[PDB]
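One structure is given below, encoded as structure tokens.
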Amino acid sequence: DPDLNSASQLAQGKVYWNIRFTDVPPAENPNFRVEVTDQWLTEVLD
Amino acid sequence: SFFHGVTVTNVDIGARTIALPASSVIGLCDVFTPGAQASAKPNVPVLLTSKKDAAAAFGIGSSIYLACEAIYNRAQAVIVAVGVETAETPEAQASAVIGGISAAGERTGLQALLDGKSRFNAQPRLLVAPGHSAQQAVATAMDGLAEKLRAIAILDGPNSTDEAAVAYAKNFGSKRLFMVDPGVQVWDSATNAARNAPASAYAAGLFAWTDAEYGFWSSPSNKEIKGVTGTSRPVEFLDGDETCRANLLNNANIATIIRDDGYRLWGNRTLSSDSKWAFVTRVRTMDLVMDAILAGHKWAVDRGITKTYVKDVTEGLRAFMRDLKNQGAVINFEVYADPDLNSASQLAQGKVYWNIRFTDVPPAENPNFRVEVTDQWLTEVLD
Amino acid sequence: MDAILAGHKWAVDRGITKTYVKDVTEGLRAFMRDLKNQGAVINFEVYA
């Protein structure tokens, strides 16, 4: 820790470490967004 | 020491595979007389797979076996038949086909087709009530049933003139309704004469046949009906004229049965208000690639959003659409995880989004030719 | 114009795939190529 490791905190024996992490969320809702287009319809020409 | 010994783990991080839900189960509902020879209870669904199986459960004289005979003579597919007992008035027969729920807590009429997947694992994709769909009460009940099942409810209009067919087809406006107006004149083996069939089970044999012959992305709108020996009120389709009597019914989103004594279905438009869902082929493939993704991804409901999970759902989704492209169902596709919708706030709730964009194969309902006599290669006659 | 109309009634619901536009034109060039060496036309150009 840059801020919590002060000179007054270190002189009392306290020394702080930050452990930030992001866990793996359970994929409780996979959404699928299906759509019919006409975008690749001109690919039937050659 | 977490463990002193040999661990052998199965990491289970592969991309899975997706199968289609068979696309051809036919939901049937007509009348039959229960007795000694009809071995089915008058509201339970019966799974029928053969013509010998339909006569053993309903009898030969039943009006629902004549709908199985219309299907099994053309194709060979699964039929979830319901069957009802013959009511007194023709008005009270419509309230038995619609059904609803009973005092015993059981679905009775057309609603019993919703039990077609919980009991037989075969959800009906074609909804046919032959002869009763000509009433507006039954055909509105079959439209709401067709969205619960993601099915194509094949209607049939009245056998009156074409003004009574346009005025009947103007009531619906739903993309899961397919109407075949002119009544099939078919041979009756009980009275030894040509009776008028409702011509709705005969189109159901065509939908069940093109899935086994050409695939579920092919409209049945040029294929042939087998048992038909004529059409009541014969429609006109002469040469190429865009003002024929049968073409004016396809312009009103009604399929017809055109040729000399009725051997061609004609029309691939459903009764949709949007021009996007106009073709039956586009509605049929969309309801098939959305029930294959839904039933094929029930392994991924608590797998944990890792990098090898989002990458190995997409690779199992790109490979499913790639197996549809070279099969002939889609033309091209684009499957990708959603960049904007997969926010860090949505991912932290368990929601993770995928986009599946594709184009169906549209039925070539109007192949135009542009012939011209020119003089461009006329100087080629010099050597 | 009456041989093309009566000879393409198989293609009125076949579904537009890449093997359909390629194989209507392949049967349409062969109709004109067999009409060219027969002597009815001089040259042609069939294309989508």
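Residues are referred to by chain and number: the chain letter is A, B, ... according to the order shown in the structure tokens, the number counts from 1 in that chain, and ligands are numbered separately from 1 in the order shown.
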Contacts of residue 65 (chain B) at 10 Å (only C-alpha atoms; same-chain gap of 4+ positions) as a PyMOL selection string: chain B and resi 30-32+51+53-61+69-71+81+83
Near chain A, which residues of chain B fall within 6 Å when you count only C-alpha atoms, and what do they look like as a PyMOL selection string? chain B and resi 301-305+348+350-359
Using C-alpha atoms, can you export the residues from the last selection as a PDB file, in the first residue's frame?
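What follows is the written file out.pdb:
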ATOM      1  CA  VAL B 301     -25.810 -22.559 -17.106  1.00  0.00           C
ATOM      2  CA  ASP B 302     -23.383 -22.566 -14.168  1.00  0.00           C
ATOM      3  CA  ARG B 303     -19.978 -23.044 -15.779  1.00  0.00           C
ATOM      4  CA  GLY B 304     -18.347 -19.815 -14.645  1.00  0.00           C
ATOM      5  CA  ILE B 305     -17.340 -17.027 -17.022  1.00  0.00           C
ATOM      6  CA  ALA B 348     -20.851  -9.771 -12.745  1.00  0.00           C
ATOM      7  CA  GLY B 350     -24.007 -13.950 -14.625  1.00  0.00           C
ATOM      8  CA  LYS B 351     -25.386 -12.537 -17.876  1.00  0.00           C
ATOM      9  CA  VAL B 352     -23.151 -13.114 -20.899  1.00  0.00           C
ATOM     10  CA  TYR B 353     -24.312 -12.281 -24.414  1.00  0.00           C
ATOM     11  CA  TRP B 354     -23.637 -13.839 -27.818  1.00  0.00           C
ATOM     12  CA  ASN B 355     -24.732 -12.615 -31.247  1.00  0.00           C
ATOM     13  CA  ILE B 356     -25.638 -15.059 -34.024  1.00  0.00           C
ATOM     14  CA  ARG B 357     -26.247 -13.198 -37.288  1.00  0.00           C
ATOM     15  CA  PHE B 358     -27.061 -15.271 -40.361  1.00  0.00           C
ATOM     16  CA  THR B 359     -29.022 -15.216 -43.608  1.00  0.00           C
TER      17      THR B 359
END
With only C-alpha atoms considered, list every residue of chain B at most 12 Å from chain C, as a PDB file with N, CA and C atoms, in the first residue's frame.
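Contents of result20.pdb, as written:
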ATOM      1  N   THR B 210     -40.501 -32.623 -47.193  1.00  0.00           N
ATOM      2  CA  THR B 210     -39.356 -31.831 -47.628  1.00  0.00           C
ATOM      3  C   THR B 210     -38.253 -31.781 -46.584  1.00  0.00           C
ATOM      4  N   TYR B 214     -35.463 -32.635 -48.868  1.00  0.00           N
ATOM      5  CA  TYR B 214     -34.671 -31.464 -49.207  1.00  0.00           C
ATOM      6  C   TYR B 214     -34.134 -30.711 -48.002  1.00  0.00           C
ATOM      7  N   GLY B 215     -34.677 -30.940 -46.817  1.00  0.00           N
ATOM      8  CA  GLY B 215     -34.272 -30.231 -45.622  1.00  0.00           C
ATOM      9  C   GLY B 215     -35.346 -29.268 -45.146  1.00  0.00           C
ATOM     10  N   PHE B 216     -35.178 -28.822 -43.903  1.00  0.00           N
ATOM     11  CA  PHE B 216     -36.163 -27.948 -43.278  1.00  0.00           C
ATOM     12  C   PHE B 216     -36.092 -26.511 -43.775  1.00  0.00           C
ATOM     13  N   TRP B 217     -35.094 -26.168 -44.580  1.00  0.00           N
ATOM     14  CA  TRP B 217     -34.970 -24.847 -45.170  1.00  0.00           C
ATOM     15  C   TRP B 217     -35.599 -24.762 -46.549  1.00  0.00           C
ATOM     16  N   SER B 218     -36.361 -25.768 -46.955  1.00  0.00           N
ATOM     17  CA  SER B 218     -36.970 -25.800 -48.274  1.00  0.00           C
ATOM     18  C   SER B 218     -38.477 -25.685 -48.137  1.00  0.00           C
ATOM     19  N   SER B 219     -39.061 -24.732 -48.852  1.00  0.00           N
ATOM     20  CA  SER B 219     -40.501 -24.578 -48.834  1.00  0.00           C
ATOM     21  C   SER B 219     -41.145 -25.700 -49.642  1.00  0.00           C
ATOM     22  N   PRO B 220     -42.341 -26.145 -49.251  1.00  0.00           N
ATOM     23  CA  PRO B 220     -43.012 -27.207 -50.006  1.00  0.00           C
ATOM     24  C   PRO B 220     -43.840 -26.677 -51.163  1.00  0.00           C
ATOM     25  N   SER B 221     -43.600 -25.430 -51.554  1.00  0.00           N
ATOM     26  CA  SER B 221     -44.476 -24.688 -52.447  1.00  0.00           C
ATOM     27  C   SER B 221     -44.297 -25.024 -53.921  1.00  0.00           C
ATOM     28  N   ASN B 222     -43.608 -26.102 -54.255  1.00  0.00           N
ATOM     29  CA  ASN B 222     -43.679 -26.652 -55.596  1.00  0.00           C
ATOM     30  C   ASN B 222     -43.754 -28.168 -55.569  1.00  0.00           C
ATOM     31  N   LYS B 223     -43.821 -28.775 -54.395  1.00  0.00           N
ATOM     32  CA  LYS B 223     -43.833 -30.219 -54.307  1.00  0.00           C
ATOM     33  C   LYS B 223     -45.252 -30.733 -54.516  1.00  0.00           C
ATOM     34  N   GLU B 224     -45.366 -32.037 -54.710  1.00  0.00           N
ATOM     35  CA  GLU B 224     -46.604 -32.644 -55.165  1.00  0.00           C
ATOM     36  C   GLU B 224     -47.311 -33.363 -54.033  1.00  0.00           C
ATOM     37  N   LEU B 238     -52.397 -20.526 -65.647  1.00  0.00           N
ATOM     38  CA  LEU B 238     -52.283 -20.936 -67.051  1.00  0.00           C
ATOM     39  C   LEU B 238     -50.839 -21.003 -67.543  1.00  0.00           C
ATOM     40  N   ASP B 239     -50.208 -19.847 -67.758  1.00  0.00           N
ATOM     41  CA  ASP B 239     -48.869 -19.878 -68.334  1.00  0.00           C
ATOM     42  C   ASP B 239     -47.820 -19.128 -67.523  1.00  0.00           C
ATOM     43  N   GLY B 240     -47.951 -17.806 -67.479  1.00  0.00           N
ATOM     44  CA  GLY B 240     -47.038 -16.935 -66.770  1.00  0.00           C
ATOM     45  C   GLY B 240     -47.753 -15.688 -66.305  1.00  0.00           C
ATOM     46  N   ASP B 241     -49.079 -15.710 -66.407  1.00  0.00           N
ATOM     47  CA  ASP B 241     -49.882 -14.516 -66.200  1.00  0.00           C
ATOM     48  C   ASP B 241     -49.942 -14.159 -64.724  1.00  0.00           C
ATOM     49  N   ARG B 264     -50.036 -29.899 -57.267  1.00  0.00           N
ATOM     50  CA  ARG B 264     -48.931 -29.036 -56.859  1.00  0.00           C
ATOM     51  C   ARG B 264     -49.406 -28.073 -55.788  1.00  0.00           C
ATOM     52  N   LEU B 265     -48.708 -28.033 -54.657  1.00  0.00           N
ATOM     53  CA  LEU B 265     -48.906 -26.937 -53.721  1.00  0.00           C
ATOM     54  C   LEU B 265     -48.277 -25.676 -54.293  1.00  0.00           C
ATOM     55  N   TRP B 266     -48.876 -24.528 -53.993  1.00  0.00           N
ATOM     56  CA  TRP B 266     -48.465 -23.273 -54.612  1.00  0.00           C
ATOM     57  C   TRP B 266     -48.567 -22.157 -53.586  1.00  0.00           C
ATOM     58  N   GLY B 267     -47.425 -21.711 -53.079  1.00  0.00           N
ATOM     59  CA  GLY B 267     -47.397 -20.604 -52.145  1.00  0.00           C
ATOM     60  C   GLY B 267     -46.498 -20.858 -50.959  1.00  0.00           C
ATOM     61  N   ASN B 268     -45.547 -19.956 -50.727  1.00  0.00           N
ATOM     62  CA  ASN B 268     -44.606 -20.083 -49.623  1.00  0.00           C
ATOM     63  C   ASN B 268     -44.684 -18.897 -48.676  1.00  0.00           C
ATOM     64  N   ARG B 269     -45.803 -18.188 -48.673  1.00  0.00           N
ATOM     65  CA  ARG B 269     -45.994 -17.043 -47.803  1.00  0.00           C
ATOM     66  C   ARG B 269     -46.861 -17.447 -46.624  1.00  0.00           C
ATOM     67  N   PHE B 279     -41.813 -15.358 -45.638  1.00  0.00           N
ATOM     68  CA  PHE B 279     -41.597 -16.712 -46.117  1.00  0.00           C
ATOM     69  C   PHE B 279     -41.717 -17.716 -44.984  1.00  0.00           C
ATOM     70  N   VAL B 280     -42.334 -18.862 -45.287  1.00  0.00           N
ATOM     71  CA  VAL B 280     -42.454 -19.941 -44.312  1.00  0.00           C
ATOM     72  C   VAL B 280     -41.091 -20.539 -44.016  1.00  0.00           C
ATOM     73  N   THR B 281     -40.196 -20.527 -45.007  1.00  0.00           N
ATOM     74  CA  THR B 281     -38.844 -21.051 -44.842  1.00  0.00           C
ATOM     75  C   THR B 281     -38.060 -20.267 -43.793  1.00  0.00           C
ATOM     76  N   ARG B 282     -38.178 -18.938 -43.799  1.00  0.00           N
ATOM     77  CA  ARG B 282     -37.442 -18.128 -42.834  1.00  0.00           C
ATOM     78  C   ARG B 282     -37.983 -18.292 -41.422  1.00  0.00           C
ATOM     79  N   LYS B 325     -24.085 -24.143 -42.960  1.00  0.00           N
ATOM     80  CA  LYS B 325     -23.777 -23.412 -44.181  1.00  0.00           C
ATOM     81  C   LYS B 325     -23.457 -24.358 -45.329  1.00  0.00           C
ATOM     82  N   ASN B 326     -22.614 -25.358 -45.082  1.00  0.00           N
ATOM     83  CA  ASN B 326     -22.299 -26.327 -46.119  1.00  0.00           C
ATOM     84  C   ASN B 326     -23.358 -27.411 -46.250  1.00  0.00           C
ATOM     85  N   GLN B 327     -24.275 -27.516 -45.290  1.00  0.00           N
ATOM     86  CA  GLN B 327     -25.433 -28.381 -45.474  1.00  0.00           C
ATOM     87  C   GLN B 327     -26.436 -27.753 -46.428  1.00  0.00           C
ATOM     88  N   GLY B 328     -26.478 -26.426 -46.484  1.00  0.00           N
ATOM     89  CA  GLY B 328     -27.376 -25.711 -47.361  1.00  0.00           C
ATOM     90  C   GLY B 328     -28.455 -24.916 -46.669  1.00  0.00           C
ATOM     91  N   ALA B 329     -28.401 -24.784 -45.347  1.00  0.00           N
ATOM     92  CA  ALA B 329     -29.466 -24.119 -44.609  1.00  0.00           C
ATOM     93  C   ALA B 329     -29.290 -22.611 -44.564  1.00  0.00           C
ATOM     94  N   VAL B 330     -28.078 -22.137 -44.301  1.00  0.00           N
ATOM     95  CA  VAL B 330     -27.786 -20.714 -44.287  1.00  0.00           C
ATOM     96  C   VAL B 330     -26.803 -20.422 -45.411  1.00  0.00           C
ATOM     97  N   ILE B 331     -26.674 -19.145 -45.743  1.00  0.00           N
ATOM     98  CA  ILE B 331     -25.752 -18.735 -46.793  1.00  0.00           C
ATOM     99  C   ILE B 331     -24.414 -18.315 -46.212  1.00  0.00           C
ATOM    100  N   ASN B 332     -24.434 -17.423 -45.230  1.00  0.00           N
ATOM    101  CA  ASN B 332     -23.251 -17.124 -44.444  1.00  0.00           C
ATOM    102  C   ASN B 332     -23.716 -16.701 -43.062  1.00  0.00           C
ATOM    103  N   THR B 359     -28.008 -15.385 -42.578  1.00  0.00           N
ATOM    104  CA  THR B 359     -29.022 -15.216 -43.608  1.00  0.00           C
ATOM    105  C   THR B 359     -29.550 -16.585 -43.995  1.00  0.00           C
ATOM    106  N   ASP B 360     -30.869 -16.708 -44.064  1.00  0.00           N
ATOM    107  CA  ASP B 360     -31.492 -17.934 -44.523  1.00  0.00           C
ATOM    108  C   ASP B 360     -31.367 -18.054 -46.038  1.00  0.00           C
ATOM    109  N   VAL B 361     -31.811 -19.191 -46.564  1.00  0.00           N
ATOM    110  CA  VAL B 361     -31.881 -19.413 -48.004  1.00  0.00           C
ATOM    111  C   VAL B 361     -33.299 -19.064 -48.451  1.00  0.00           C
ATOM    112  N   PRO B 362     -33.508 -17.945 -49.137  1.00  0.00           N
ATOM    113  CA  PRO B 362     -34.858 -17.563 -49.532  1.00  0.00           C
ATOM    114  C   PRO B 362     -35.335 -18.410 -50.694  1.00  0.00           C
ATOM    115  N   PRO B 363     -36.595 -18.840 -50.682  1.00  0.00           N
ATOM    116  CA  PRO B 363     -37.107 -19.630 -51.806  1.00  0.00           C
ATOM    117  C   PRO B 363     -37.277 -18.759 -53.040  1.00  0.00           C
ATOM    118  N   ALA B 364     -36.732 -19.231 -54.161  1.00  0.00           N
ATOM    119  CA  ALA B 364     -36.727 -18.471 -55.409  1.00  0.00           C
ATOM    120  C   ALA B 364     -38.113 -18.509 -56.044  1.00  0.00           C
ATOM    121  N   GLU B 365     -39.032 -17.757 -55.442  1.00  0.00           N
ATOM    122  CA  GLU B 365     -40.424 -17.803 -55.860  1.00  0.00           C
ATOM    123  C   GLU B 365     -40.684 -17.072 -57.167  1.00  0.00           C
ATOM    124  N   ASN B 366     -39.718 -16.323 -57.691  1.00  0.00           N
ATOM    125  CA  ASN B 366     -39.888 -15.624 -58.966  1.00  0.00           C
ATOM    126  C   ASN B 366     -38.569 -15.560 -59.722  1.00  0.00           C
ATOM    127  N   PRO B 367     -38.186 -16.643 -60.417  1.00  0.00           N
ATOM    128  CA  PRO B 367     -36.995 -16.574 -61.272  1.00  0.00           C
ATOM    129  C   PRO B 367     -37.291 -15.839 -62.571  1.00  0.00           C
ATOM    130  N   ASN B 368     -36.770 -14.623 -62.687  1.00  0.00           N
ATOM    131  CA  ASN B 368     -37.029 -13.785 -63.846  1.00  0.00           C
ATOM    132  C   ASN B 368     -35.949 -13.984 -64.898  1.00  0.00           C
ATOM    133  N   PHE B 369     -36.352 -13.930 -66.163  1.00  0.00           N
ATOM    134  CA  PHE B 369     -35.437 -14.056 -67.286  1.00  0.00           C
ATOM    135  C   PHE B 369     -35.621 -12.862 -68.206  1.00  0.00           C
ATOM    136  N   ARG B 370     -34.514 -12.350 -68.737  1.00  0.00           N
ATOM    137  CA  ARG B 370     -34.515 -11.121 -69.527  1.00  0.00           C
ATOM    138  C   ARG B 370     -33.827 -11.409 -70.855  1.00  0.00           C
ATOM    139  N   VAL B 371     -34.607 -11.836 -71.835  1.00  0.00           N
ATOM    140  CA  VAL B 371     -34.106 -12.220 -73.146  1.00  0.00           C
ATOM    141  C   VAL B 371     -34.148 -11.008 -74.064  1.00  0.00           C
ATOM    142  N   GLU B 372     -33.115 -10.846 -74.887  1.00  0.00           N
ATOM    143  CA  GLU B 372     -33.107  -9.778 -75.875  1.00  0.00           C
ATOM    144  C   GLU B 372     -32.340 -10.211 -77.110  1.00  0.00           C
ATOM    145  N   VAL B 373     -32.862  -9.842 -78.269  1.00  0.00           N
ATOM    146  CA  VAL B 373     -32.181 -10.066 -79.533  1.00  0.00           C
ATOM    147  C   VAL B 373     -31.374  -8.824 -79.862  1.00  0.00           C
ATOM    148  N   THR B 374     -30.062  -8.982 -79.975  1.00  0.00           N
ATOM    149  CA  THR B 374     -29.203  -7.838 -80.240  1.00  0.00           C
ATOM    150  C   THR B 374     -28.531  -7.975 -81.597  1.00  0.00           C
ATOM    151  N   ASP B 375     -27.616  -7.061 -81.901  1.00  0.00           N
ATOM    152  CA  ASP B 375     -26.797  -7.121 -83.103  1.00  0.00           C
ATOM    153  C   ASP B 375     -25.326  -7.002 -82.742  1.00  0.00           C
ATOM    154  N   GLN B 376     -24.969  -7.393 -81.519  1.00  0.00           N
ATOM    155  CA  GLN B 376     -23.602  -7.197 -81.053  1.00  0.00           C
ATOM    156  C   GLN B 376     -22.648  -8.189 -81.703  1.00  0.00           C
ATOM    157  N   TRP B 377     -23.046  -9.455 -81.791  1.00  0.00           N
ATOM    158  CA  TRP B 377     -22.224 -10.489 -82.402  1.00  0.00           C
ATOM    159  C   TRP B 377     -22.599 -10.740 -83.854  1.00  0.00           C
ATOM    160  N   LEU B 378     -23.098  -9.719 -84.545  1.00  0.00           N
ATOM    161  CA  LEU B 378     -23.492  -9.898 -85.934  1.00  0.00           C
ATOM    162  C   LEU B 378     -22.308  -9.747 -86.878  1.00  0.00           C
ATOM    163  N   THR B 379     -21.284  -8.996 -86.477  1.00  0.00           N
ATOM    164  CA  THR B 379     -20.039  -8.923 -87.233  1.00  0.00           C
ATOM    165  C   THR B 379     -19.133 -10.120 -86.993  1.00  0.00           C
ATOM    166  N   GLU B 380     -19.556 -11.078 -86.166  1.00  0.00           N
ATOM    167  CA  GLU B 380     -18.817 -12.322 -86.004  1.00  0.00           C
ATOM    168  C   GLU B 380     -18.901 -13.193 -87.250  1.00  0.00           C
ATOM    169  N   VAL B 381     -19.861 -12.930 -88.131  1.00  0.00           N
ATOM    170  CA  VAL B 381     -19.936 -13.628 -89.418  1.00  0.00           C
ATOM    171  C   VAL B 381     -19.083 -12.814 -90.382  1.00  0.00           C
ATOM    172  N   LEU B 382     -17.775 -12.976 -90.258  1.00  0.00           N
ATOM    173  CA  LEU B 382     -16.865 -12.496 -91.289  1.00  0.00           C
ATOM    174  C   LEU B 382     -15.650 -13.391 -91.473  1.00  0.00           C
TER     175      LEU B 382
END
Please identify the strand (DSSP E) residues within region 117-324 of chain B (assignment by DSSP from backbone atoms) and present them as a VMD selection string. chain B and resid 126 to 128 152 to 155 177 to 179 184 to 188 193 to 197 228 to 231 256 to 257 265 to 266
Running DSSP on the backbone, which parts of region 99-303 of chain B land in helix (DSSP H, G or I), as a ChimeraX atom specification? /B:110-120,136-148,163-169,201-213,247-250,280-289,291-296
Need to verify the contact set: residue 18 (chain A), 12 Å, only C-alpha atoms, exclusion of same-chain residues closer than 4 positions in sequence. Can you return it as a PDB file with N, CA and C atoms, in the first residue's frame?
ATOM      1  N   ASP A   1       0.830  -1.199   0.000  1.00  0.00           N
ATOM      2  CA  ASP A   1       0.000   0.000   0.000  1.00  0.00           C
ATOM      3  C   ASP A   1       0.867   1.252   0.000  1.00  0.00           C
ATOM      4  N   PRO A   2       0.666   2.185  -0.927  1.00  0.00           N
ATOM      5  CA  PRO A   2       1.499   3.393  -0.949  1.00  0.00           C
ATOM      6  C   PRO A   2       1.133   4.370   0.153  1.00  0.00           C
ATOM      7  N   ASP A   3      -0.162   4.489   0.439  1.00  0.00           N
ATOM      8  CA  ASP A   3      -0.645   5.466   1.406  1.00  0.00           C
ATOM      9  C   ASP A   3      -0.704   4.915   2.822  1.00  0.00           C
ATOM     10  N   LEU A   4      -1.196   3.689   2.993  1.00  0.00           N
ATOM     11  CA  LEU A   4      -1.348   3.128   4.328  1.00  0.00           C
ATOM     12  C   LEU A   4      -0.024   2.744   4.966  1.00  0.00           C
ATOM     13  N   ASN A   5       1.030   2.544   4.176  1.00  0.00           N
ATOM     14  CA  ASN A   5       2.363   2.308   4.726  1.00  0.00           C
ATOM     15  C   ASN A   5       3.059   3.648   4.963  1.00  0.00           C
TER      16      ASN A   5
END
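Between CA of residue 47 (chain B) and CA of residue 118 (chain B) the separation is 12.2 Å.
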